[PDB]
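A.B. asks: Provided hereafter are the protein sequence and its experimental coordinates.
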Amino acid sequence: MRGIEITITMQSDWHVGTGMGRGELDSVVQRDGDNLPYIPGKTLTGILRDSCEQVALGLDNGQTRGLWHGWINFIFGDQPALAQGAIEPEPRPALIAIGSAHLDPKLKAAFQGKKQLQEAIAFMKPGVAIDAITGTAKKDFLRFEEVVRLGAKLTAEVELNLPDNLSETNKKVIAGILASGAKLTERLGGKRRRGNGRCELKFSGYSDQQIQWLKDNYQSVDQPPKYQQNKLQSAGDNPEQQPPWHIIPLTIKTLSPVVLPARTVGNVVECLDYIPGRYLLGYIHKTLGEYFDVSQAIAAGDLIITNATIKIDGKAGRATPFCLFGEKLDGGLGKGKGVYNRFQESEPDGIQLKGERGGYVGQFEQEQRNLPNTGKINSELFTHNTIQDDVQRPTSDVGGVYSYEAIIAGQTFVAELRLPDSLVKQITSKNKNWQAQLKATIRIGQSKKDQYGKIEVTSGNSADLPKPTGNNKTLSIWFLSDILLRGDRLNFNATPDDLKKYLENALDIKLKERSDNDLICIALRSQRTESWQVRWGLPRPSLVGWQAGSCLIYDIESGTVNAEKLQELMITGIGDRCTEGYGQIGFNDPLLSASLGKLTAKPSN
Amino acid sequence: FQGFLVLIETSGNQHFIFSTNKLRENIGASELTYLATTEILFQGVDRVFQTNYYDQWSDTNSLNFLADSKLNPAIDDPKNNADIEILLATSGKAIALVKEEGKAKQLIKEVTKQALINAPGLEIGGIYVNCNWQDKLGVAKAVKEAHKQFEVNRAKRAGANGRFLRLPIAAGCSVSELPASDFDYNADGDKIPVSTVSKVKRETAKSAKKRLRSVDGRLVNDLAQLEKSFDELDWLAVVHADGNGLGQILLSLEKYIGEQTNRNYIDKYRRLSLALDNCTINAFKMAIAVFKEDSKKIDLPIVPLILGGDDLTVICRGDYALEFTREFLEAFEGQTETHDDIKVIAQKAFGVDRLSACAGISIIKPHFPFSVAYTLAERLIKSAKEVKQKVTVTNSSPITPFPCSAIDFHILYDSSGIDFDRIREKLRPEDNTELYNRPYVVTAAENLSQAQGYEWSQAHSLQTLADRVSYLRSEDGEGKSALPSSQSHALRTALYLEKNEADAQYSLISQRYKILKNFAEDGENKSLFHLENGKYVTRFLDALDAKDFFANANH
Amino acid sequence: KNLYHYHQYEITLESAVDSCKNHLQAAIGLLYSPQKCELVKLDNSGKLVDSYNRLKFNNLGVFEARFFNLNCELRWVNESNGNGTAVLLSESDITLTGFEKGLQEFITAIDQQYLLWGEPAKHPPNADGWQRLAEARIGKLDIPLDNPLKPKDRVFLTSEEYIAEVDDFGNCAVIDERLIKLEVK
Amino acid sequence: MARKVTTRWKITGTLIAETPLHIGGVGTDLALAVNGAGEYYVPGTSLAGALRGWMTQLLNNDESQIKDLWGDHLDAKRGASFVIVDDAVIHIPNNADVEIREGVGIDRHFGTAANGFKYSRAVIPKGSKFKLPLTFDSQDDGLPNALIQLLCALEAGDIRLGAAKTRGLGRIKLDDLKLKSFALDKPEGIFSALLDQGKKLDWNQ
């Protein structure tokens, strides 16, 4: 149940803070991707949660734990970070997703291009401490806070993912609580107790009728129902996979910031610069799981969803090859000059080189005579707190504040769903328009219920399959995705001779290292992936391998390389967990074959 | 006579030292990195060669013991027979010469195995190359080959990521991405699960106060009070500094040693390395005069993580990092001027007695990821090193950089970006305009006058920023600020406008607040921008941001 | 000093367990399925009470398994349709039908610990030889442990990392880690 | 749970300027505090410090009693204020506007206007009204003495607000004081908070 909104009307000047100032300002407000003030969904949940907990205390007659407090842990989810000891039940998620509150889209459209007005939405408020003895302004306690002008009407998208078996009376309890907690909210943001942030918070379609029903009925409520996961189901009735493959392009646009955990390290989560294919799996289940047994396809390898990487040249951006090197002072792909492919080019006389690492490159062809276009993903650090409820402040800076990197909104990513003709025939027989069903707005990743994760997915016309050139002189390999390989003891591993063995087995050839000294043959980096498994309820095993961008080139020592088999590997991937986009590989790519040292990059309402 | 050159080197110092935001572990990881190529090397050398390098070091508590080759035998003298000579030991690198291939390999096994046992998560490797001592420059050739072959292995080496792997039923570390392995305490005192990696770092933080005791007794004494104090500060800084010119020397050192004999290369190489450690630590003692002294605070608000040679890496209080690094870089140049072990090589390389260093400074909230902050300090020092292209020795062929210290910094305000390219892109409101004028040259205008790019260095002089910050901080005769915050903020807004709108606003405000004439940059006294390489650039936004970060305390 | 490893191919999980059962006696298993990560214990004979149904692949079934006891560890991962590679690790030289023996020299092995999720639950499960840890973060975790957990006990999975030369230059690494047993500390 | 509140007190009335008033804003002394609508207002930070300042003089700087009402960022037991002070728009009466006070220092030797000592100040005129905009969260079944003393001081006109307190300005008096009680510990009081506008207290008692 998305389509509920909260409206916040700001009735006094207001300050969602950033925990810091800037320059001449001692406190600055949070601004969205349009540089406009907004209330983050994490702030909005926290204020609304706090007020439903005020209502719960009254209904529980001051009992801090009880029936009605359990209803808050039902509606808003448990708070496992605060619980200690052997809590046996799995932590309940929220039933309510609350978005960020933004200004009306036409008003934000008017602000586009008008940087002076964008600043004018806020003004400086002075603050000064007075010496209690001398009664004078205590200098260096003079302070300027940015506050946003009152009158702002902000609106957040709300989704109530109520349990599908939930009793109609319990529906009215949830509606009653939320209406009641919304009503009791009077303040949000910084300096609430000194008159900032006075507001009205109203749900669409919750009124005093929902309040009055609870007042009439609260004495005969009970505990909310127990939480259980939606389990997978499998029929096993899928047809065996048959070629051809179909490649269905998926365009992902970020609509909110999206947190895609690279590493979780104390109170900070770092974010990837791509969307892993595993985040789209729940969308694949939801949209297509009625047309074939998705879980069976995953187990058999009849499904691949690639990583969504930044769109470059209208296609998925490809992780910068580690065989590319910049001139350390004046070159590199960021400087658009002095980029050497050390698979093909000697290191220049007297010039030291830095290896390329991050970023993505566009398309390239053997005689392009321009460096490939680079793509960059914009990430921002978002900072949040927990309030200790008795003191109504964070319990310290060290353990009161936490941060997420997120991919910011407005960025575009391309994934590919690959399905064999076997399943595509089955799907098309059940629904001819099935590609129309791939258009969806979904929330993905960490903290997806709050201010994070909102993405639009769009499906494109079936892409052409990869057509690698079969060359019998050399094999070139570009890791478009992290490659996870088992060692021969099935631990995960970092031994490239195992990948050499894997390829020459998979292609039925023999490979030899490129023996020149002025050139490099191998350019790998290690990668460790520390994910969760939400259905497990437990962490995923740590997956080790090679990061995207890792490159290697071999002489073929014997045997013809089958262009049809190279194409199939370029579709299915190599190694482990290719279904979710690991193992994606580029064979004999012209960019790894080029000499590039002489090339340069191309130039309101 | 013939032998092998062993290079043993630690890599991934970022991913080891900054992989947690816990000060004891940053401190502890930095100690393990230092110990890995000293104590663990010397204990390994003692085990492999039946020597007493560890006794000589631990009695001296310094690396100078290996200078005088009656004590660190000159094994190219056959009468002073020994299997081993140490050429270099320093943080993250060591070099040794050995006459036997087996003991070369055995040394690498010994030192690398001990890091696995005593320093879990440390990425250390080694390599050996042949050393043709009958060839003059044979050592210089061996050094070059060992280094470049080391890189080719790191492009294939199995990483440290493969060992402490998460099992779905293992709990996680409180402070890192690894599974928990045992328990420690947070600063509050609460028992917390930690990794083997985190546990061993914390254990080794107890060792750092011993190392730093010889530097300054004010540096570390109560890690818990220090760690608690840091996370009560508004700002930390990750300060990273690298020597300029040292790489330009070590690319070519046999050109500058004088006599081309291996004995002279080694002797000159070792003293150059040791003297720059001495210069580093002495320049540090001078620079820490910048930090004010709190009687309550037993310790200075600075943590020297790496402190020798080219590399200085410190975490300190962030409003004192700009002055500390200026004073460090100034003190470092003066030190290198005054070591004869450096003078003659810097003279022959660059025509001046001094070397210099660039620095990158990431100024961050205490909760900001030190991993990310250090990555930015790397990109800032890479930006600071652009002096190498702009400031050059006249009539040098090939063009050579002329010893010029520089700083690049960032203060990580909330929406400022967190990666270097995004940070700077956000400061380009139009493609003709840059709201930054970086890097800032720290070398004195007098010492640059013979360089190419002297006029460039003065436009990029740090003093120009410090003056503008002084004007922002200065007061009128009322004791009100000479520029109010309201006007400073209007100028911040104006800088994002079209240049004619920005210059129009600057005209209006400077009519009213005449101190802004000193912030003009066009020389026509009518713009905050000046044209630079076809871009309009300004120092003004740097001054507004850096306003509170020039604290000093050395007046 | 050798770490012996034994490898079989195109083998189903339940067959791999049975083919190893004389060594996996009382082993803790950790089974990986799309919906569940579950601990199991083999009988002192090495069987599992629903073995076929428990180790079946075809219905959201087991794609990976690890069985470990004091002497050895079996690892299995699905290659196709529920058939896959088994590797058994043992520091003892042992005979297996069908498994190809190999070995690795290792210089030394060092003890490691992993803290398990949770504190001892307020009551153990009704099954004998099972205990319940719980943490608000994950809820319950039933573990096949026969010691009745004291309040403020913590359980650690103990392991041994084997260190060997990876390079002809003499660079060491830990080449593998074998899981041993649950231990209460 | 939230912060445990026994009774929430909405404490309201009309504060009248008994002298002119000046509360300054960032943008000599001709800038009066204006909200985002550009209306003149009393910032709740400035009213709180007036009220907190008075109580501090009352309680002989007994910091503990002050921090128990007004909060403390330092003490691990305290945190947020239990008094909320809202911002209050100033209603300047009809046919009135902001005035400007012009003045000068007088040289003590010559008895004449000292050169460089002219000053100008904008002032909200006398008789201007703004709301007393207070909320108090009680954690016990009463109302604090020092808070009752504060309300008596406000009704007495004893509290000064804004600049130039010693030199003409800042006197305010409270009228129409109303106290509304919400027993947020109890269902009847929470639903009263949601629906019924609260249990009236006679202040005169």
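C.D. replies: In hand now; what should we look at? Residues are numbered from 1 along each chain as shown, chains lettered A, B, ... in the order given.
A.B. asks: mind saving the C-alpha coords of stretch B:84-100 as CSV?
C.D. replies: C-alpha atoms of stretch B:84-100 as CSV (Å, rounded to 0.1, in the frame of the first residue of the first chain):
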residue,chain,number,x,y,z
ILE,B,84,74.0,-10.2,5.3
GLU,B,85,74.2,-6.4,5.0
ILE,B,86,71.2,-4.1,5.6
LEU,B,87,71.0,-1.3,3.1
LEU,B,88,67.7,0.3,4.3
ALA,B,89,65.2,-0.2,7.1
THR,B,90,62.2,2.1,7.4
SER,B,91,58.4,2.0,7.8
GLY,B,92,57.0,-0.2,5.0
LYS,B,93,60.2,-0.8,3.2
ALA,B,94,63.5,-2.6,3.9
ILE,B,95,66.4,-3.5,1.6
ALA,B,96,69.2,-6.0,2.4
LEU,B,97,72.1,-7.5,0.5
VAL,B,98,72.9,-11.2,0.8
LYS,B,99,75.5,-13.4,-0.7
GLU,B,100,73.4,-16.6,-0.8
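A.B. asks: For chain D, give me its nearest residue in the stretch 101-250 of chain B.
C.D. replies: Residue of the stretch 101-250 of chain B nearest chain D, by CB to the nearest CB: residue B:188 (10.4 Å). Heads up, the C-betas are built off the backbone N, CA and C, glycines and all.
A.B. asks: Show me which helix runs longest in chain C.
C.D. replies: helix C:13-20 (DSSP state H).
A.B. asks: my bad, chain B
C.D. replies: Ranked by residue count, the top helix of chain B under DSSP H comes out as helix B:262-287.
A.B. asks: Counting by contacts, list what it packs against.
C.D. replies: Applying 3 or more CB pairs under 8 Å, 6 or more residues apart in numbering or on different chains; DSSP states H and E, one finds that helix B:262-287 makes contact with strand B:84-90, helix B:138-154, strand B:302-308, helix B:321-337, helix B:340-350.
A.B. asks: quick one: which of those is nearest residue D:48?
C.D. replies: Set against residue D:48 and scored by CB to CB, the helices and strands packed on helix B:262-287 come closest in helix B:321-337, at 36.3 Å.
A.B. asks: Tell me which other helices or strands the closest one touches.
C.D. replies: strand B:236-244, helix B:262-287, strand B:311-317, helix B:340-350, strand B:356-364, strand B:406-411.
A.B. asks: Run the angle between it and strand B:302-308 for me.
C.D. replies: Interaxial angle, helix B:321-337 versus strand B:302-308 (axes from the mean of the first three to the mean of the last three CA atoms, to 10 degrees): 30 degrees.
A.B. asks: Off-centre distance for helix B:321-337?
C.D. replies: In this view, helix B:321-337 has its centroid 12 Å away from the chain centroid, taken as CA atoms, centre = their mean, to the nearest Å.
A.B. asks: contacting residues for residue C:60?
C.D. replies: The neighbours of residue C:60, taking CB atoms under 8 Å, 6 or more residues apart in numbering or on different chains as the test, are A:232, A:234, A:295, A:299, C:33-35.
A.B. asks: go again using 10 Å as the cut-off
C.D. replies: Residues near residue C:60 by CB atoms under 10 Å, 6 or more residues apart in numbering or on different chains: A:231-234, A:236, A:295-296, A:298-299, A:535, C:33-36.
A.B. asks: So which of the helices and strands packed on helix B:262-287 is nearest residue B:235?
C.D. replies: Closest among the helices and strands packed on helix B:262-287, using CB to CB: helix B:321-337, at 8.3 Å.
A.B. asks: Next, the buried residues of that closest one.
C.D. replies: B:321-337 (16 or more other CB atoms under 10 Å in any protein chain shown).
A.B. asks: Please work out which of the helices and strands packed on helix B:321-337 is packed deepest.
C.D. replies: Of those, the one with the most neighbours on average (mean count of other CB atoms under 10 Å in any protein chain shown) is strand B:356-364, at a mean of 29.
A.B. asks: okay, the helix or strand following that one in PDB with CA atoms only?
C.D. replies: Going down the chain from strand B:356-364, the next helix or strand is helix B:370-384, by DSSP states H and E. The C-alpha coordinates for helix B:370-384 follow below in PDB (Å, rounded to 0.1, in the frame of the first residue of the first chain):
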ATOM      1  CA  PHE B 370      39.300   7.600   8.000                       C
ATOM      2  CA  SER B 371      39.600   5.100   5.100                       C
ATOM      3  CA  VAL B 372      37.800   7.600   2.900                       C
ATOM      4  CA  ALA B 373      39.600  10.600   4.400                       C
ATOM      5  CA  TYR B 374      43.000   9.100   3.700                       C
ATOM      6  CA  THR B 375      42.000   8.300   0.100                       C
ATOM      7  CA  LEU B 376      41.300  12.000  -0.300                       C
ATOM      8  CA  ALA B 377      44.600  13.000   1.300                       C
ATOM      9  CA  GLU B 378      46.300  10.900  -1.300                       C
ATOM     10  CA  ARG B 379      44.500  12.800  -4.100                       C
ATOM     11  CA  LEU B 380      45.300  16.100  -2.300                       C
ATOM     12  CA  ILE B 381      49.000  15.300  -2.200                       C
ATOM     13  CA  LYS B 382      48.800  14.300  -5.900                       C
ATOM     14  CA  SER B 383      47.300  17.700  -6.500                       C
ATOM     15  CA  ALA B 384      50.000  19.400  -4.300                       C
END
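A.B. asks: Give the other helices and strands that the next helix or strand after helix B:370-384 contacts.
C.D. replies: Next helix or strand after helix B:370-384 toward the C-terminus (DSSP H and E): helix B:387-390. Secondary-structure packing of helix B:387-390 (3 or more CB pairs under 10 Å, 6 or more residues apart in numbering or on different chains; DSSP states H and E): strand B:356-364, strand B:406-411, strand B:440-441, strand B:451-452, helix B:454-459.
A.B. asks: Looking at those, which is nearest to residue A:113?
C.D. replies: Across the helices and strands packed on helix B:387-390, closest to residue A:113 is strand B:406-411 (CB to CB), at 27.3 Å.
A.B. asks: Does at least one residue of the closest one sit close to chain A?
C.D. replies: Yes - Strand B:406-411 is in contact with chain A by CB under 10 Å from any CB of the partner chain, via residue B:411.
A.B. asks: Can you check what angle separates that strand from helix B:321-337?
C.D. replies: For strand B:406-411 against helix B:321-337, the angle by the same axes, to 10 degrees is 160 degrees.
A.B. asks: quick check, residue A:283 in a helix?
C.D. replies: Yes - the assignment for residue A:283 (DSSP: H, G, I helix; E, B strand; the rest coil) places it in a helix.
A.B. asks: ok, it to residue B:382 distance?
C.D. replies: Separation of residue A:283 from residue B:382 (CB to CB, to the nearest Å) stands at 40 Å.
A.B. asks: on that earlier part again, so which of the helices and strands packed on helix B:262-287 is nearest residue A:3?
C.D. replies: Taking the helices and strands packed on helix B:262-287 one by one with CB to CB, helix B:321-337 is closest: 50.6 Å.
A.B. asks: could you redo the helices and strands packed on helix B:387-390 as CSV and give each row distance to residue B:96?
C.D. replies: CSV is the format used below for the helices and strands packed on helix B:387-390 (distance: least, CB to CB, whole Å):
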stretch, distance to residue B:96
strand B:356-364, 27
strand B:406-411, 34
strand B:440-441, 38
strand B:451-452, 38
helix B:454-459, 40
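A.B. asks: Now that we have those, can you turn them into a markdown table and tack on distance to chain C?
C.D. replies: Shown next, in a markdown table, are the helices and strands packed on helix B:387-390 (distance: least, CB to the nearest CB, whole Å):
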| stretch | distance to chain C |
| --- | --- |
| strand B:356-364 | 28 |
| strand B:406-411 | 35 |
| strand B:440-441 | 41 |
| strand B:451-452 | 43 |
| helix B:454-459 | 44 |
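A.B. asks: closest to residue C:95 out of the ones you listed?
C.D. replies: strand B:356-364 (59.6 Å).
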